[PDB]
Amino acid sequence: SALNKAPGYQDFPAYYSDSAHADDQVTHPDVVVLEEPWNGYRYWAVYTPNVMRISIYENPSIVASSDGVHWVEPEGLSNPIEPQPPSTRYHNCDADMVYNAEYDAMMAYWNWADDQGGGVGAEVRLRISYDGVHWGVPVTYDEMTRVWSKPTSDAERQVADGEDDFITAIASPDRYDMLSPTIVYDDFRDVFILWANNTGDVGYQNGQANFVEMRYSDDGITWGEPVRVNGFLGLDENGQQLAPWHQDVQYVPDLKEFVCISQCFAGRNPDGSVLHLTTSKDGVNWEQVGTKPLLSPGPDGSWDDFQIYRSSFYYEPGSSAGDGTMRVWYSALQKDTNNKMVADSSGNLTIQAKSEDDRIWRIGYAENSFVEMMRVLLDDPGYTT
């Protein structure tokens, strides 16, 4: 196996309470792993609750951990960090978070859509935090200039964190052309990079017409014009082209390259999607690693038996160069779940799925040696970095 899935899944809290849906359904994690603790913890994650049929609960939420396994809501934090929309016309999705070393602050991005055709389109929005508890607009950010000035005291390391306290990073008049934004700070060129999937004004059924675009920014706040990446995905084991749905990118210093885990598909839409691995020296020009999937749905009846959904990763360096560990927080869905018993996070059959749970959404974990992963992907038992 390219990655070894951990048994069960991880417990993430979801704020919602809805009688027609099992609690604590969640997707699309984005994890930040640090060398040293930030506001008490070395692991920070943003994620969104989600259920079938209604997207209104899909609101950026934060947890922290000391281990990447057991997640807690920091003391004083109220999830979601971005409020529930006022109606089902609108929904949030697709969170991704970066640690900004210069400001010693987290930058949490997400996608907001007006889903009404002929509506206003969509936006990539941003809330920043200094303390891990309050997420919003820095008090030394000037909305007129869009400049985030570095704090010059502890008192300036504060945010406004009300319901309207976000930054619009990007706007588009189409609804679905900036899906799954993923941000990396390139410390060579000294620029923020954001990759997103362009599904036009169509979305989930756009399919093989999907393509990824990148944008550049000096600060992470104001972004330039998009340009298409090249070579993002390749052929699968049948020789069939893969198309993007959702993705996470990392710059990996130990590998001297950008690495991306892509939730992708060979058919008409992301049903049954798998993960593939793709890499790039520059962020622009990519090549898929092997023909084989990095992660696939589990067997019938498993919590991940429908599709693998958007996943986040960290390359943990080893003691030797080029010999690290791939750590993957993967989201997934189970099919055919209405009124059925489903697994808890320990893998025990203790949860009753509810009447409108057509599927169940959870976040779990998988891991492998980077070298062993590459050996499986490339069908090369002797690969070494």
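Residue positions are given as counts along the sequence shown, with the first one as 1.
- Look at the C-alpha B-factors of 26-34 and of 349-357. On average they run higher in 349-357.
- When the C-alpha B-factors of 147-155 and 101-109 are averaged, 147-155 comes out higher.
- Note on the listed residues 231, 220, 224, 162: the highest Cα temperature factor in the record is that of 162.
- Which of 189, 310, 256, 215 has the largest Cα B-factor in the deposited entry comes down to 256.
- Split the chain's modelled residues into thirds by C-alpha temperature factor. Residue 270 is in the middle one.
- For residue 117, the recorded CA B-factor ranks within the highest third of the chain. Only modelled residues enter the ranking.
- Among the modelled residues of the chain, residue 238 sits in the highest third by CA temperature factor in this PDB entry.
- The entry lists a Cα temperature factor for residue 16 that places it in the middle third of the chain's modelled residues.
- The PDB entry assigns residue 39 a C-alpha temperature factor belonging to the highest third of its chain's modelled residues.
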